[PDB]
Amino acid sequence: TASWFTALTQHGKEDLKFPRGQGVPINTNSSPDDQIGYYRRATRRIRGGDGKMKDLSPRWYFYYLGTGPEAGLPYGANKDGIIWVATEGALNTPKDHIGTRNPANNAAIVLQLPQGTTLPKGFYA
């Protein structure tokens, strides 16, 4: 199981965060009640060439509230690597009817944000 969407990549040194009311990827199969979730940070490192580990740019993946690797965390719960996003008017209920993605059945939806959304500096898709 995986995120329904492709990642955001962090080039700066701050964690992801969105203005209140923006941040949820567009998904034409979801309703206005579903527009709420969290982004989870994913780290990666490689043997850097000098024999030492090299940290790569963190990526951040979105999961609907109540799904994914932190399916049990309630909205706004404070956990390192977890940041919360919601469209105004989204219901605060688990989205188990959307679930997570099986890569052996569906590729990721290309991540895109609703118009007028400001990504923090150093974050790109």
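A residue's number is simply how far along the shown sequence it sits, counting from 1. What we label the rigid core is the largest C-alpha set whose atoms superpose within 1.5 Å from one form to the other.
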When the other structures are laid on this one by the rigid core, do the CA atoms of 108 to 116 or of 18 to 26 sit farther away in 6 other deposited structures of this protein? 108 to 116
In 6 other deposited structures of this protein, rigid core aligned: more displaced of 27 to 35 and 62 to 70 by C-alpha RMS: 27 to 35
Among the other entries of this protein that were compared (only those with both neighbours built), does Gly48 lack coordinates in at least a third? yes
Of 84 to 92 and 60 to 68, the stretch whose C-alpha atoms average the higher B-factor in the entry: 84 to 92
Please compare 94 to 102 with 43 to 51 and name the stretch with the higher mean C-alpha B-factor in the deposited structure. 43 to 51
Using only modelled residues of the chain, where does the Cα B factor of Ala125 rank: lowest third, middle third or highest third? middle
Relative to the other modelled residues of the same chain, rank the CA B-factor of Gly23 and answer lowest, middle or highest third. middle
Entry-reported C-alpha B-factor of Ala2 relative to its chain, by third, is lowest
